[PDB]
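Student: Just to be clear, this is only the beginning of the complex, oriented as in the whole thing:
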Amino acid sequence: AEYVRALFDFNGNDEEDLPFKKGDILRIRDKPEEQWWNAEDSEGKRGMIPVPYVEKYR
């Protein structure tokens, strides 16, 4: 599994987006395009996240 750490807050704009806060750890579910990935948060919510706002987390 791949997890990322949010570097910035993301409020979301489109219905499909997953909003998150700086420091949130998100699971990556799939990578449909280079800069937008499908992720899930600890509350079970799913949606698209901007790849430039996150960092690999180990």
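Tutor: Now that the structure is in, tell me what you want to look at. Numbers count the residues shown, from 1 in each chain, chains lettered A, B, ... in the order given.
Student: Residue A:51 - nearest residue in space that isn't next to it in sequence?
Tutor: residue A:35 (4.8 Å; Cβ to Cβ, 6 or more residues apart in numbering). All C-beta atoms are positioned from the backbone trio N, CA, C, and that covers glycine.
Student: any idea how far that neighbour lies from residue A:11?
Tutor: 17 Å (Cβ to Cβ, to the nearest Å).
Student: okay, those two: which has more neighbours?
Tutor: The neighbour count for residue A:35 versus residue A:11, taken as other Cβ atoms under 10 Å, is higher for residue A:35 (11 against 8).
Student: Now for that one: which residues touch it?
Tutor: A:50-52 (Cβ atoms under 8 Å, 6 or more residues apart in numbering).
Student: can you rerun that using 10 Å?
Tutor: With contacts defined as Cβ atoms under 10 Å, 6 or more residues apart in numbering, residue A:35 is in contact with A:48-53.
Student: Next, give me the two most distant ones among these.
Tutor: A:48 and A:52 (13.0 Å; Cβ to Cβ).
Student: hmm, back to that, can you tell me which of the contacts of residue A:35 is nearest residue A:23?
Tutor: Of those, the one sitting nearest to residue A:23 (Cβ to Cβ) turns out to be residue A:53, at 11.7 Å.
Student: next one is chain B, place it on the structure:
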Amino acid sequence: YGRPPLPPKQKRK
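Tutor: One more chain to add, chain B, which I have set with the ones above:
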């Protein structure tokens, strides 16, 4: 590093 611009959404796989 600052904060990078929000990326455009493109055609998906």
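Student: In light of the added chain B, please revisit the contacts of residue A:35.
Tutor: Listed by Cβ atoms under 10 Å, 6 or more residues apart in numbering or on different chains, the contact set of residue A:35 reads A:48-53, B:4, B:6-10.
Student: Return the closest of the residues you listed with respect to residue A:16.
Tutor: Using Cβ to Cβ, those come closest to residue A:16 at residue A:48, 5.1 Å.
Student: what helix or strand is that closest one on?
Tutor: In the assignment (DSSP states H and E), residue A:48 maps to strand A:46-50.
Student: Name whatever forms a beta bridge with the spatially most central residue of chain A.
Tutor: Closest residue to the average C-alpha location of chain A: residue A:49 at 4.0 Å, with Cα atoms, centre = their mean. Per DSSP bridges, the residues bridged to residue A:49 are residue A:37.
Student: What's the end-to-end length of stretch B:5-13?
Tutor: End-to-end distance of stretch B:5-13: 23 Å, with Cα to Cα, to the nearest Å as the criterion.
Student: Next: stretch A:51-58.
Tutor: Counting by Cα to Cα, the terminal residues of stretch A:51-58 are separated by 16 Å.
Student: chain center to that stretch: distance?
Tutor: Computed by Cα atoms, centre = their mean, to the nearest Å, the separation of stretch A:51-58 from the middle of its chain amounts to 8 Å.
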